[PDB]
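Below: the structure, in structure tokens.
Numbers restart at 1 for each chain; the letters A, B, ... are given by sequence-line order, proteins then strands. Only heavy atoms go into these numbers, but all of them, side chains included; no hydrogens, no water, no symmetry mates.
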Amino acid sequence: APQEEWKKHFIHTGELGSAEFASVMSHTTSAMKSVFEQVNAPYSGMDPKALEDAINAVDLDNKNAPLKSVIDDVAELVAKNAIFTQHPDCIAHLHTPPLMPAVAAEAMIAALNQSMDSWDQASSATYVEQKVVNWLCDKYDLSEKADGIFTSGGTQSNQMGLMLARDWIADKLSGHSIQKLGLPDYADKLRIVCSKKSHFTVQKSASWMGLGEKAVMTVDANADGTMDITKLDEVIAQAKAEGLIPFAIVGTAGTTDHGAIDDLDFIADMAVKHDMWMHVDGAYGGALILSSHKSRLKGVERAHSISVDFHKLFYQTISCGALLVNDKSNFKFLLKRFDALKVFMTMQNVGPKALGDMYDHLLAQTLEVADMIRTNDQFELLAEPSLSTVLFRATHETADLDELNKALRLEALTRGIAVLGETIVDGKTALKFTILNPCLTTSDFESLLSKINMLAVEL
Amino acid sequence: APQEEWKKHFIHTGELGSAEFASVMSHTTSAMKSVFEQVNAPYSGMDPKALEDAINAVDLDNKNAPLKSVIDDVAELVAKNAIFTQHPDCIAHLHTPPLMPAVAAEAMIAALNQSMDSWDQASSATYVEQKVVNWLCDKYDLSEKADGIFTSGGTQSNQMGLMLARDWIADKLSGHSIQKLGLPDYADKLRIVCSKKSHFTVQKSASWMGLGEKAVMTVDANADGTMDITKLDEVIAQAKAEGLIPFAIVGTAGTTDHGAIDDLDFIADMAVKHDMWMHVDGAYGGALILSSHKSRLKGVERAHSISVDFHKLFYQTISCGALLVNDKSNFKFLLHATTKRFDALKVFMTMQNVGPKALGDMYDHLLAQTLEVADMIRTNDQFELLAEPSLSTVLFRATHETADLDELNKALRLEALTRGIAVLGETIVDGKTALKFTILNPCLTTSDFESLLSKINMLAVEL
């Protein structure tokens, strides 16, 4: 009935159909510009309980306010108190400050609202995604039978590559269709091999697909975080001696805490020797394929599958991930948002070389930051960097450092002074920088170390 | 290292830090306005081979062009040749024209780039998501113990609801942790009961979680698309009598073709009698909770789990879905996506702006209009109505005294698409090719439908 009133809530084609659209989006842009301009820390420091109370009090039933005012309210309450990856002291996790071409692509994705499940919901988008996927297969130097699909991120990609592996091995061993029949009777013997430092989405993937955490067999890691190749075949051979069936092996290209890259070529050799599927978790370090350091990923091009997550080191907005396969017939076992537009635009604008130069810069800078910590007597460096993470702690001659560094991390977060990672290294609490922003200077790091020390002094 | 030239590629905080950002976004908003203004059909009608060739020819290596020109190029090649859900003649699928508040929300989501997996990556966002979840649990009248989480949409929500059911039943029967141990030895007996018209993500869900398509036990559907509850008790009793373990049942609130709503209350009573998990797939008709037709979902409040797709009839941009559970203790099975986006902002903004009553009013409208369109087809000798509508879909076909109708209706559907005249659904109804309207846009008029049927007839006359 009052359809004329409803027209303002929607975009329409033809003359004047998008005037309100342009007005509203111009308004949202200015609102966000004002937020960014007034940000002076990674977090506002607002009491999380007070923030929670104010959000909980918001009226979602009888407010019915003009959209521009709802945008102002969200700017003020939501945006102002968010975590600003764009601030130099937000430096904890694989949580990327977004690239401009991805933020622009999102504006077009939203307005078009294409659905990737069929051509007639995603005409030009279907071809864009395939073009990006084709280009990706070329960058990782995959075979002529290679293909890929965009997913929600590294988690869904890991789960998909491993679920492909699950169906692949059952078909191999006994021509058994898991898709039609469920898991085969020997499923309880199947085992996925991975490092102690691989992402927990390996165990989670195994649970989801019905094998359970018990299906995951770990191999000891080295001290730099890499899988220990001198133990690998032994773990596989002992399993087989016990009647177990190692069917998949996960090589990690960029561990979450160390940024370690497994020996992919040796892992690929093991996959050949023992007839396993190699899945490469390239969520973090897969971006190095564009850099001067591509050689560290040698063996990746031999993978059965590879998870690539663009919303980490490619700086794309969440979600943006792909799963690649060396042989697209493996997609037979399996027989949605336009996130590929982000990568399509990025590569035309910033381009792959620039991205690689950024990563070269990040690796060098991370070495420099380790050196800064090493020579600073209020800190202790806890590992030598492998990629763009730094592992370190505040130090004191009498204080209980586990206690100090846990308190430190949470205080810095709560006050909005810095957003720092926290892990265990060698049995000790470590703080973590995950350096992603390629525009930080040594003075940023110097100021960051000083903020952290000033907090340590008070605890 | 050219850190000063890289600066242009990123937003920064403080004075002048977001100047380029504003300029680029304003450019992009302008480019989309131009696109929308020049759009005059659901699809441009460009030869798909030509469009694919042009897209494949794009340089992703050595172009390295200024961002505004790349934006111009994508507007020209990608946007201009997209499927426009905003055009009245785009009317095939559960593919929604986006609500303005969802589009504005995406701008803020993209700029903040919060990651929902932890508070220190999503500080205000975590509470926004929980607020919206709590609100949803109210709207569906769930228990004091209810909770939910946002997902990528109906597929992920279906898979998660049924995976929870899978772990729930192993825990109940033998205290067996599927999380820790994998499927129990009796897994081969487990069965999920659904109708012949349920979404195929039930079978796909079963395949993903290790049970296989053979785990799905289908029950006959009535002609109107609803589950036939006539033999449902006996089908379950017989399965159990054979040593099978029916552990979950899917009630569909809005089937894909008919828009039929299963008798969710009786399914819930089956689940009490037979000790099963009832999962409600409300990806389509879950939205009716806000309308005058809420009564049709009676029984939804008793579900063990409910999937809700906001990017369908709630008009949110893809992705925007959630899975609700009546007892949050059931989430314990999940506890050992990661990186997930702040989609809940869309609903949070939409309910402040449009609000639930206005959406309810839109749905009342859509149900009435669908009946009106069915009537219009009924009294038009050029078409044959193939089902009485149940929600916002209409099933019909072009008719002719001698022509092969299966052939005619197939050809006109594909031709309407490739010429960009209309985006129409196609299905099978009583073994006959049917065309389909999925009416979603609440702003369409009688004259839109008259002209749409006229456009279709003219295609038919030529075929």
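- With rounding to the nearest 0.5 Å, the separation of CD in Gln38(B) from OG in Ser18(A) is 10.5 Å.
- In this model, no donor atom of one side chain and acceptor atom of the other lie less than 3.5 Å apart for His93(B) and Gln121(A).
- When heavy atoms are compared at a cutoff of 4.5 Å, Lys8(B) approaches chain A solely by way of its backbone atoms N, CA, C and O.
- For chain A, the nearby part of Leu211(B) is the backbone; its heavy atoms alone come within less than 4.5 Å.
- Taking the side chain as every heavy atom from C-beta outward, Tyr127(B) and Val78(A) never approach each other to under 4.5 Å.
- For an aromatic pair to be called close, the ring centres must be under 6.0 Å apart, and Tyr43(A) with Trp119(B) satisfies this.
- With a 4.5 angstrom heavy-atom cutoff, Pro48(B) touches chain A via backbone and side-chain atoms both.
- With a 4.5 angstrom heavy-atom cutoff, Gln203(A) touches chain B only via side-chain atoms.
- Interface summary for chain A: among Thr338(B), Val103(B), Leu67(B), the most heavy-atom pairs under 4.5 angstrom belong to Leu67(B).
- For the set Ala107(B), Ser118(B), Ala79(B), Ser152(B), the entry with the most heavy-atom pairs within less than 4.5 Å of chain A is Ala79(B).
- Contact of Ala82(A) with chain B is made through backbone and side chain together, with heavy-atom distances under 4.5 Å.
- A donor-acceptor pair under 3.5 Å is formed between the side chain of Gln3(B) and the backbone N or O of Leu440(A).
- Shown here is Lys357(B), whose NZ atom has no more than 12 heavy atoms of other residues, nucleotides or ligands within 6.0 Å.
- Within the 4.5 angstrom heavy-atom criterion, atoms from both the backbone and the side chain of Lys180(A) approach chain B.
- In this structure, chain A has a heavy atom under 4.5 Å from the side chain of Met163(B), while its backbone stays farther away.
- Contact annotation for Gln130(A): neither backbone nor side-chain heavy atoms come within less than 4.5 Å of a heavy atom of chain B.
- Heavy-atom distances place the side chain of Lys312(A), and not its backbone, under 4.5 Å from chain B.
- For the options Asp167(B), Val423(B), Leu417(B), heavy-atom pairs under 4.5 Å to chain A are most numerous at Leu417(B).
- Only the side chain of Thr28(B) comes within less than 4.5 Å of a heavy atom of chain A; its backbone N, CA, C and O stay farther away.
- Listed for the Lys131(A) side chain is no donor-acceptor partner under 3.5 Å among the backbone atoms of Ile55(B).
- Considering every non-hydrogen atom in both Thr317(B) and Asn113(A), the closest pair reads CA-OD1, 3.4 Å.
- The OG atom of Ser207(A) sits 13.5 Å away from the CE atom of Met209(B) when rounded to the nearest 0.5 Å.
- Heavy-atom distances place the side chain of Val24(B), and not its backbone, under 4.5 Å from chain A.
- With a threshold of 4.5 angstrom between heavy atoms, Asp59(B) approaches chain A through N, CA, C or O but not through any side-chain atom.
- Contacts between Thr96(A) and chain B at a heavy-atom distance below 4.5 Å involve backbone atoms as well as side-chain atoms.
- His365(B) and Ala1(A) make their closest contact through CD2-N, 3.6 Å (heavy atoms, listed as atom of the first residue, atom of the second, distance).
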Steps toward side-chain contact (heavy atoms from CB on, under 4.5 Å) verdict (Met100(B), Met25(A)): CA-CA 9 Å; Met100(B) 199 72 74; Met25(A) 301 303 134; 3.8 Å; yes
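- Residue contact with chain A, scored on non-hydrogen atoms closer than 4.5 Å, is absent for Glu5(B).
- Proximity of a side-chain donor or acceptor of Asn40(B) to a complementary backbone N or O of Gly14(A) within less than 3.5 Å is not detected.
- With a threshold of 4.5 angstrom between heavy atoms, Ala111(B) approaches chain A through its backbone and through its side chain.
- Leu345(B) touches chain A through its side chain: at least one heavy atom from C-beta onward sits under 4.5 Å away, while N, CA, C and O do not.
- A donor-acceptor pair under 3.5 Å is absent between the side-chain atoms of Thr155(A) and the main chain of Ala337(B), judged by distance alone.
- To the nearest 0.5 Å, atoms CD (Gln348(A)) and CG (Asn64(B)) are separated by 10.0 Å.
- Contact annotation for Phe344(A): both backbone and side-chain heavy atoms come within less than 4.5 Å of a heavy atom of chain B.
- The greatest number of non-hydrogen atom pairs below 4.5 Å with chain A, out of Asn62(B), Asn441(B), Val74(B), is found for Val74(B).
- Using a 4.5 Å cut-off between heavy atoms, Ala19(A) touches chain B through backbone and side chain atoms alike.
- With rounding to the nearest 0.5 Å, the separation of CD1 in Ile11(A) from NZ in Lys33(B) is 12.0 Å.
- For the atom pair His27(B) NE2 and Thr29(A) OG1, the distance stands at 13.0 Å (nearest 0.5 Å).
- Using a 4.5 Å cut-off between heavy atoms, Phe333(B) does not touch chain A at all.
- Within the 4.5 Å cutoff, the side chain of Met108(B) has heavy atoms near those of the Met32(A) side chain.
- Interface remark: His95(B) contributes backbone and side-chain atoms alike to the contact with chain A (heavy atom separation under 4.5 Å).
- In this structure, chain B has heavy atoms under 4.5 Å from both the backbone and the side chain of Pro98(A).
- Among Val70(A), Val350(A), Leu60(A), the residue with the largest count of heavy-atom pairs under 4.5 Å with chain B is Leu60(A).
- In terms of non-hydrogen atom pairs under 4.5 Å with chain B, the most contact-rich of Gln114(A), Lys204(A), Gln86(A) is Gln114(A).
- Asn349(A) contributes a side-chain N or O that, together with a main-chain N or O of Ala65(B), makes up a donor-acceptor pair within less than 3.5 Å.
- For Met358(A), the parts sitting under 4.5 Å from any heavy atom of chain B are the backbone and the side chain alike.
- Annotation: maximal heavy-atom pairing with chain A below 4.5 Å, among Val347(B), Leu112(B), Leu334(B), occurs at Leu112(B).
- The contact between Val128(B) and chain A is made by backbone and side chain atoms together, counting heavy-atom distances below 4.5 Å.
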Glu213(A) and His336(B): CA distance, side-chain angles, deciding distance, side-chain hydrogen bond (donor to acceptor under 3.5 Å, both in side chains) verdict: CA-CA 9 Å; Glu213(A) 296 174 2; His336(B) 168 23; 3.1 Å; yes
Full working for side-chain contact (heavy atoms from CB on, under 4.5 Å) between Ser124(B) and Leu51(A): CA-CA 7 Å; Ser124(B) 60; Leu51(A) 177 63; 3.9 Å; yes
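- Looking at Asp361(B) and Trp6(A), their side chains never bring a donor and an acceptor atom within 3.5 Å of each other.
- Side-chain atoms of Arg166(A) come within 3.5 Å of backbone N or O of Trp208(B) as a donor-acceptor pair.
- Here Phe10(B) contributes atom CZ and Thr85(A) contributes atom OG1; the two are 9.5 Å apart, rounded to the nearest 0.5 Å.
- Heavy atoms closer than 4.5 Å to chain A are found in both the backbone and the side chain of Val58(B).
- Both the backbone and the side chain of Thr13(A) come within contact range of chain B, with heavy atoms under 4.5 Å apart.
- Counting heavy atoms from C-beta on, the side chains of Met351(B) and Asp61(A) never come closer than 4.5 Å.
- Among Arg337(A), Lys80(A), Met345(A), the residue with the largest count of heavy-atom pairs under 4.5 Å with chain B is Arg337(A).
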